[PDB]
Amino acid sequence: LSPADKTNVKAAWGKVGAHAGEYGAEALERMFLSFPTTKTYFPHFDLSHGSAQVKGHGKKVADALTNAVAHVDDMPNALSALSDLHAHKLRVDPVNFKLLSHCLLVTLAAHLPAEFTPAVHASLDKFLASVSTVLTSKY
Amino acid sequence: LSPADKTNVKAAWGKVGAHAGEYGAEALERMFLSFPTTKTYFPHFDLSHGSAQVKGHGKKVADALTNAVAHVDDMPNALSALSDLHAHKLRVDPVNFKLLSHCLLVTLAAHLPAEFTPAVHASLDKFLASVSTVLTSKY
Amino acid sequence: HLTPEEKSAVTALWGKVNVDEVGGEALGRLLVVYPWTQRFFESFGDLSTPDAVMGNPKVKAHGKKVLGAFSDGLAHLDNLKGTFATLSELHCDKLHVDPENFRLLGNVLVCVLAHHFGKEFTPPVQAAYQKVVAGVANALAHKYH
Amino acid sequence: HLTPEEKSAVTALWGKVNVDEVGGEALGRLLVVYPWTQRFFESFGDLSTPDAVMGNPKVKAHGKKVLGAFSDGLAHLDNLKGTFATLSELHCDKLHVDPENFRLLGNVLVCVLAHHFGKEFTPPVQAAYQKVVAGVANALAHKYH
Ligand code: HEM
Ligand code: HEM
Ligand code: HEM
Ligand code: HEM
């Protein structure tokens, strides 16, 4: 993660703004539609379109990602509880983190056409990759 | 990783001993036989059985792994030059690192049956994956 | 497999797509985001900076060829295995491209389509195109199977 | 895609495999080394420690079943896709096991074979067995294709 990558990610996520929860919910909906095998991790969830539970979970994921952007240099310490949760309580297959990263990138590309330059695309891709490695680091 | 992982890896690699070059050459030969697509990275190499070029390359890889074992707490700094060579000049596809790690584990299992307990297997898998991530962190 | 509604949506979104810029952008974005894929395009000239990648005429023309192959695959959604047989031989026997890069390029293409079409690239349209690109990647990797 | 020499070597080495413990060892080592796979075996009891995993009767019995399936696939090396159709449907349409875990289990089995046979597990024997396990994983993941 280079300083230019940090600057690109910070600019892109700041330009995301207050739509973070909506973007997280849309990314989760895209993941559920494109890769239905990821739906098995949410057996008690109502996973229909416009679901309040999906909206709340997307808000939670978006706030976690905002914290990670605020703590790029301290991601392992900032995401420690989430990493413990995902690795020990949930035992999420590491491939689904790639799937969610792709769906988040697709949501960002669809909502921010001007911001999604190739350099910003690469910076966001590696930022989401690093978040995924932190969340899978307790394996 | 873990302190127990560090102890297990240190013990296993120490009992590998002075055969590390032989182990590395055998692992490289196993990789060339099992995954022939990995031979495209060595086009100016004689990759036949018993080749001195493969013997020397295996010795180099084994020495790098011994240095990584010795600097388990400072691996990204100990492997910085190697990471730059693998990602910038060679541009090795990151799947090949998993292939070489598997072949290294197979060599270790075939040569140290008593030490290849499930816990030591898990520790060695974690160590080799960490070396692979360090070597693929400069793209 | 694609339902008739998914096929109709995929074809409708495809007619809007430019056949001269989308594929080059997808190849260029692949080369920028996954720079080990530059190892296959050494004869394409300067590729050091993202601006140099996206300003490359060779990258543009090759992306045009790749987009044409994707269009051919889209016109034969029920014969993907037979459509990409020669390309599968070319990519596996001659170039030794790992099949993971095929899914990487399909995902980059999905991102490019989302970036171009915006709100019109709905999650159902994305799911249909994910099925399409997964089928294309599987067909192109068939010679390794 | 096995030569007659490869088939003969694979058959000769498999003749000496203890069908009562090799599958249990492979499955237990999969659970220990890739602990997210423990999600699929929550009814197997205590899997918190590697000793508890490798001492689990349910793990041993399931490993016996998996090794029997592998032997069945080894008896029909030219019809792996049809041999593993029901198991593929069971693993894909009911358990939602990611097909990369099939490759992980195949590699764990290769490691267990090496650990058991030592110098008898030569690089050519390993290459033949890698072909075998790759074919088995591809046949088991056919529903995802
Ligand atoms: C960038 C990637 C991810 C981020 C930032 C993230 C973040 C979060 C957050 C903030 C929570 C709630 C924590 C709390 O309530 O204390 C959570 C829970 C959860 N996550 Fe993730 N997550 C990610 C990836 C994934 C993936 C890929 C999956 C599955 C395919 C997943 C499955 C779950 C599940 C099942 C829960 C429990 C929610 C519930 O049961 O109510 N997560 N995650
Ligand atoms: C744990 C994994 C690896 C380690 C420790 C390792 C280590 C090394 C070392 C020490 C060198 C010599 C550098 C020098 O002499 O200055 C080297 C070179 C090289 N490595 Fe690796 N390597 C690893 C993985 C791989 C893989 C997976 C591939 C390809 C599939 C690869 C391809 C090469 C090539 C092509 C060279 C150049 C050799 C030459 O030009 O003589 N490496 N590596
Ligand atoms: C994923 C879908 C892909 C499609 C549909 C596709 C399609 C094509 C087409 C149509 C050609 C032209 C062949 C010719 O002119 O005879 C080609 C060539 C080539 N492709 Fe791909 N490609 C794909 C992925 C990739 C990837 C991911 C890479 C590298 C990482 C790659 C590397 C190459 C190279 C090096 C050539 C030059 C060979 C030649 O021009 O004959 N391809 N591909
Ligand atoms: C890679 C080669 C594999 C083979 C040949 C294989 C074979 C088998 C066999 C023979 C059964 C018995 C089904 C029955 O008794 O009705 C089974 C069931 C099962 N397998 Fe696998 N397996 C493989 C991989 C995996 C992996 C990697 C996982 C999990 C990560 C897994 C999870 C399960 C589970 C949970 C069951 C129990 C489902 C049931 O019995 O209803 N399998 N498999």
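Letters go in sequence order (proteins before strands), and every chain restarts at 1.
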S.K.: I need the minimum non-hydrogen distance between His115(C) and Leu112(A), along with the two atoms involved.
M.R.: CD2-O, 4.5 Å
S.K.: Most heavy-atom pairs under 4.5 angstrom with chain A, which of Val32(C), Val33(C), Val110(C), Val112(C)?
M.R.: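 Highest number of pairs under 4.5 Å: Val33(C).
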S.K.: Select all residues of residues 117-127 of chain C having any heavy atom within less than 4.5 Å of some heavy atom of chain A, and report them by number, or 'none'.
M.R.: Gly118(C), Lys119(C), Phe121(C), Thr122(C), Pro123(C), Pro124(C), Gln126(C), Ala127(C)
S.K.: Highest number of heavy-atom pairs under 4.5 Å with chain C: which of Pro118(A), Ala122(A), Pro36(A), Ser123(A)?
M.R.: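 So the answer, after comparing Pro118(A), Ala122(A), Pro36(A), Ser123(A), is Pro118(A).
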S.K.: Apply side-chain contact (heavy atoms from CB on, under 4.5 Å) to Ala64(A) and list each qualifying residue two or more places apart in sequence or on a separate chain.
M.R.: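 Result, side-chain contact (heavy atoms from CB on, under 4.5 Å) vs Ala64(A): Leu82(A).
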S.K.: Quick one: what part of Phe35(A) sits under 4.5 Å from any heavy atom of chain C, side chain, backbone, both or neither?
M.R.: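 It is the side chain, since no backbone atom gets that close.
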S.K.: Are there over 12 heavy-atom neighbours, none belonging to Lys55(A), within less than 6.0 Å of that residue's NZ?
M.R.: no
S.K.: So for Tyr129(C), is it side chain, backbone, both, or neither that comes closer than 4.5 Å to the heavy atoms of chain A?
M.R.: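 Contact with chain A: none, neither part.
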S.K.: A quick test of your reading: do over 12 heavy atoms of other residues, nucleotides or ligands sit less than 6.0 Å from NZ of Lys138(A)?
M.R.: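 More than 12 within 6.0 Å, yes.
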S.K.: Can you confirm whether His88(A) is buried at NE2, in the sense that more than 12 heavy atoms of other residues, nucleotides or ligands lie under 6.0 Å from that atom?
M.R.: yes
S.K.: Using non-hydrogen atoms and a 4.5 Å limit, figure out which bit of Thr117(A) sits close to chain C: side chain, backbone, both or neither.
M.R.: backbone
S.K.: Output the residues of residues 36-62 of chain C for which the shortest heavy-atom distance to chain A is under 4.5 Å, in residue-number order; output 'none' if no such residue exists.
M.R.: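 Result: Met54(C).
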S.K.: Kindly check if the number of other-residue, nucleotide or ligand heavy atoms within 6.0 Å of NZ (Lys59(A)) is above 12?
M.R.: no
S.K.: Using the salt bridge (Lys or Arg N to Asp or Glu O under 4.0 Å) criterion, which residues pair with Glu21(C)? Sequence neighbours excluded.
M.R.: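 By the salt bridge (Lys or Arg N to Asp or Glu O under 4.0 Å) rule, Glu21(C) matches no residue at all.
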S.K.: Enter the distance from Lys98(A):NZ to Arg103(C):CZ here, rounded to the nearest 0.5 Å.
M.R.: 7.0 Å
